[PDB]
Amino acid sequence: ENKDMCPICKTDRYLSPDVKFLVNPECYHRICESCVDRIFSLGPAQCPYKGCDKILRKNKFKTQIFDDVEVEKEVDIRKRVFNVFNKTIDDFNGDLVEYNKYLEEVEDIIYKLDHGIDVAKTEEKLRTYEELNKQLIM
Amino acid sequence: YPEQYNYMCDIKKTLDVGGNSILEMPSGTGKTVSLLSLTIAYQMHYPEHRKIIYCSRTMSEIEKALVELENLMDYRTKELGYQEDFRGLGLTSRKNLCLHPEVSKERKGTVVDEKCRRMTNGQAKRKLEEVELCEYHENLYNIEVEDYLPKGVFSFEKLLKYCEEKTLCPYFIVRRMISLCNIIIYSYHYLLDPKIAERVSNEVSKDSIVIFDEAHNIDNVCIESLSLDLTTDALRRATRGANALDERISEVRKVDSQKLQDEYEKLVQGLXXXXXXXXXXXXXXXXXXXXXXXXXXXXXXXXXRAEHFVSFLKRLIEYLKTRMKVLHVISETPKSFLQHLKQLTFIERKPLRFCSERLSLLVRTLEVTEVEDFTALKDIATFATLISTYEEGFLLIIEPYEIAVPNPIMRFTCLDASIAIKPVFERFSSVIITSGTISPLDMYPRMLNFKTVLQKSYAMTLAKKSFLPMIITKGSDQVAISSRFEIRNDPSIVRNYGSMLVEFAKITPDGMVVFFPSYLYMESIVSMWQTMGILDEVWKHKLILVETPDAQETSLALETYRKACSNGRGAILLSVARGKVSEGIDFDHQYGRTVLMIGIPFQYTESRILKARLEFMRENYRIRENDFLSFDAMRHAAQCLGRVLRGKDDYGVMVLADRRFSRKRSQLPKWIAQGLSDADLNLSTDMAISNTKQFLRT
Ligand code: SF4
Ligand SMILES: [Zn+2]
Ligand SMILES: [Zn+2]
């Protein structure tokens, strides 16, 4: 929103809002251009976005069309889950129920990764994503 | 009459041979001509063979077809003395054919079906686990109620008085009588309806004779069946609708989760076929004509549940807010828009099956579903069905930056109009296609390609009683081309044009109806007319139809126009030729004996809907910049021609301005060109010769 776009310059619209407002994927915080240029030039620390402690990393930012914080994170989580599993047991033989059961397991693991669960099945899915990455190398 | 037997012999030869016939009828003389021939062709064959299916265009033609059928039964019970198997059903609207919202709700809107499904599921809740039913339920489906219609004619007004005296329900009688298959009278918005015609076609069970009544706006219903505007306020409804599903999934996963889990297994096994078969007497969902879509073997978000389906929908609506957040004028291909969607989110190619199952799921799951929230889901689901299939002929348009506040208006263009008229040829044979406001009728072999025969109106006699002149020179021949422009160029000429109307109405102050091609010309002179002598010494009171014409305002202006001519006063009916209420009732001196038309009817140009349909029909029939300015302008003028010809017993004078009317045709083409001041002395003779030649030709 216009009332919150930067922890230092939240309402720069009266002072001509000519810069963008980057959002870090490990922070999900509205950080403007001018303040963040001082940030990653002097080391990778955390942002003080309402007293945040998540360490911001240098570069690897993104422009957003504002899908809140959930659907902005769920779109990259579904895109990261669609590349590791790829089209395994889906259209390899014109399968339908076996393709739907394999896509329901990919959707429920993505729903478990989106909700966070309790970092147990997600850590098991992190091993399964490591299993989906090791099976794509052999 | 012998002229009525000419079209009746053609109707007796085409109903037993042809499958579709374009029969032209004269105005005000072809109503009971095909009415008696339809019951005679059945009596010549078998009376339980092909029943009569009537397709009007307005509710008035539905009401006018019921009183003529009473005259057909009175002519069959007095000239024969035998009471056969009666028929006739008044399939009208839902707010008019009701009893419960006229007592407690006191609302005559489109929410009468919401109290209908609340009483249908309320009677279902009272007969399963437990409000209850209503005033008169669980009795209208009896066999004695099924025999109240082949024995006595109770349709619409006769049935609404029957459901109050016998204490019955008008909804469950008519719905149980489509399966009986009588003489069904309905309008054009039900045969091409993507929520009603899927239920009508499963109860008539085909094998009947479709009577197309006033089939001249058939191309307009196919455009009106689709094209919904998304004027950004539905995004606020979809945002609040998405948060309601988050609370509903939180309410379903808090206690009674077995009702959603067993429904998830029922969707993973029985899918949508068993879901539609099990669901009875409940609120049906929405689809893009299931008899025309044709799709089976679906999947529920790839074997997922409602918690994963609402995540795709929340993924869907933000992309819709992303695409609407654009610059100004931008066109969109429905196939390329689906490709840009898959670059954002892989929603496959079948969201048509991902929504109709979830719409039926949330009705069974959420019992206290909100009205504005669930309707916001149906607006997205109807758009999701149209982007999945039916891409041929489809087009997505965006309204430009129009202040920009009112700029985010998204619209989809309909496909071919021949696709909606396609399944009525294989379902029914001998489809009688009749219209009294067509001149010529060669565009119907052209546009909408179907093999049919062409028959014109073979009835033209007594030209001394049908005065058909036209005005050319308006004293200087300057206001005729002045009204031709869309913008009101030179309002001083329009004040001179409005000065001629006071002179024209003061000549014959005996019923005046003035049509208009636009409401801008009505609002231009009403600001400072400076001429009320006809509104104080001739017509006195004023009956002007506004652009926002209310149904009560149109009803009050119609009754007072009948009260003006029945008191020796006369009134001026300032209506819009492109506006609502096309009328059709006359055959008396209470109607306007002289009908005035301001120039020729025009169409709203420089619009994206017109420019899309221009290039669409340019590839189809190559009728660019011809039929769009002439065939459309004729039918809007032919609605004014259908009111003057009120039979051979009543006279009437219809004048036409400008000079572009000579390039087109008209019903009974006997037209003489004269000036405006010249026709004032001609109409004074025509209002005295017709009063002397009425007793001479008898
Ligand atoms: S049963 Fe009939 S009268 Fe009663 S609420 Fe339903 S539609 Fe209305
Ligand atoms: Zn700042
Ligand atoms: Zn942070």
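Residue positions begin at 1 at the first shown residue.
Structure method, as recorded: electron microscopy, 6.7 Å.
Cβ atoms here come from the backbone N, Cα and C positions, even for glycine.
Annotated by Swiss-Prot as motif 'DEAH box', the relevant range among B:113-116, B:149-152, B:213-216 is B:213-216. Swiss-Prot lists B:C98, B:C116, B:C169 as binding [4Fe-4S] cluster, and of B:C134, B:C181 the one it places in that same site is B:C134.
In sequence order, B:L99, B:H100, B:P101, B:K115, B:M119, B:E135, B:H137, B:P170, B:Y171, B:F172 are the same-chain residues whose CB sits within 8 A of the CB centroid of B:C98, B:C116, B:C134, B:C169, the residues recorded for [4Fe-4S] cluster being left out. Within its own chain, the motif 'DEAH box' (B:213-216) has Cβ neighbours under 8 Å at 54-57, 61, 65, 433-438, 635, 638, counting only residues six or more beyond its boundaries. Across the fold, the C-alpha of B:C169 ([4Fe-4S] cluster binding site) and the C-alpha of B:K31 (ATP binding site) stand 31 Å from each other. The binding-site residues recorded for this entry are B:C98, B:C116, B:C134, and the Cα of B:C98 lies nearest to that of B:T32 (ATP binding site).
Summarised by DSSP class, the composition of the motif 'DEAH box' (B:213-216) is 0 helix, 1 strand, 3 coil.
Taking the binding-site residues B:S27, B:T29, B:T32 in turn, the residue surrounded by the fewest other Cβ atoms inside 10 Å of its Cβ turns out to be B:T32. Taken residue by residue with DSSP, B:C116 ([4Fe-4S] cluster binding site) is part of a helix. Each of B:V33, B:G436, B:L645, B:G647 belongs to the same chain as B:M25, B:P26, B:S27, B:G28, B:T29, B:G30, B:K31, B:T32, is absent from that list, and has a C-beta within 8 angstroms of the C-beta centroid marking the ATP site.
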